[PDB]
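Take a look at this single chain, the form deposited in one PDB entry, given in structure tokens.
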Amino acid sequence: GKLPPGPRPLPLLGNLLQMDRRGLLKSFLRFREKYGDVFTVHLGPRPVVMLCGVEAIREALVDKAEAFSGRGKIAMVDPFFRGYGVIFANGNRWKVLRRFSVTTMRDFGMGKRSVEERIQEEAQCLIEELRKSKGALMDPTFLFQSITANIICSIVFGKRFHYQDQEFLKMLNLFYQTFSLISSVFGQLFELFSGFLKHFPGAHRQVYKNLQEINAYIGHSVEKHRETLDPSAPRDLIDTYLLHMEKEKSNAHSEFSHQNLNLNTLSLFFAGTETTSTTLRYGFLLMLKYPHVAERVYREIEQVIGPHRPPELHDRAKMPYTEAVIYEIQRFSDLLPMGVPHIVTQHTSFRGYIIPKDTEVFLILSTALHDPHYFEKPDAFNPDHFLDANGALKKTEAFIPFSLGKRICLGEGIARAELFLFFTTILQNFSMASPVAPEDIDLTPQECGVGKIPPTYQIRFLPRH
């Protein structure tokens, strides 16, 4: 057959006038009700194919894995990155970067303490800071941003920043601000009309400016690593990349020099800090709205781990309720609802249609996470979505918050380690309270574009002992 069906576009405006005024995702879900699971939407001058539903997404990403392996652009950050970094790269640059990441992290920890060990160390510092708050009300956003940023800082730069460090907090604010700009109304409009909006002042310039500033801190630190590189004591990931680059420096293959160390490092921070902290933020808000849930998670911690020894990843298999709660936080929060855009690399048959080479594809991960067949009453938060009658963890093919296939989240393991360890380490040591009654807690994101951002809230952590 040929092109997927969809709304009739105007020449310059595409389908703007058929859009839902509240955003891209709401817009696409409305087209899905009319056109089904595979459809075309013109974003400005650009046709993009949407795949929705568990079956259609798996079919593309696993069954047609290589054709769907291309990375599409995200208009708001592409001017900065320009296809550097594992996230944004394509073809050989991408394959080679991603394989090196994978092999590097398999070797990580034989030489130096493991990623789990670094996450436990950070969780330790967190709970001492929460203790130090002495039950004061706080917006936990900055702390949650700090802990996830510190895990990447520890892997990449071999150091941690203190929670009160002003230069650290300044940098974190620049990221946070960058992510809310990307997902703002303007950021979604840039997604459609970057071709002419780029000529004007606006949030896209502020984003470029923020990224330039961040990449300057990174570059300076990378330069200090080169200047002080000691081959017999490599300190961190940056030292590992440097030493490799020096050894492979002579020959231009799997060439480092079609790479950019600074941009790759920045993209690690970009992917690594925000979704995890936003997941944490959403998860504690959810625990405030459904307090019996946090209470049941504590009972399992008390039973399997106790009050004295630190949570460990080995504990996960013995804590089905807590795993179900974290899966439900991710499923409900739906933090990258349209995932990250793909492109089909060659003309591709798909469910009777033919998708042209180089067409952008959005896989609407949200529609898998909310599929009613898999999740009875999918718009409500309920950990029983991931539990069988016997209370064991019930895994499902619908649960794809990290996506699938060739491009599946590179930090899936790390992200899962952080969520489990931060969640359980905080809850081992503290109960939580807020001044706002559950009925007055609204869980509606304050922004929903590329990323979902939870509303602001206050919380206090009360020591158990």
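Residue positions are given as counts along the sequence shown, with the first one as 1. Whichever C-alpha set is largest while still superposing within 1.5 Å between the two forms counts as the rigid core.
Another form, the form deposited in another entry, is not on view; read the next lines as being about it.
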Where among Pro356, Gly306, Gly91, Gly111 does the Cα move by 2 Å or more between this form and the one not shown after the core is superposed?
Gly111
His244: CA shift of at least 2 Å between this form and the one not shown after core fit?
yes
Per-residue C-alpha change between this form and the one not shown, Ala233, threshold 2 Å, rigid core fit
yes
On a core-based superposition, does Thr345 travel 2 Å or more at its Cα between this form and the one not shown?
no
Quick one: with a 3 Å or larger change, is the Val156 to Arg106 CA distance smaller or larger in the other entry? Answer closer or farther.
closer
Have a look at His258 and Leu261: in the other entry, are their Cα atoms closer together or farther apart than in this form, given the change is 3 Å or more?
closer
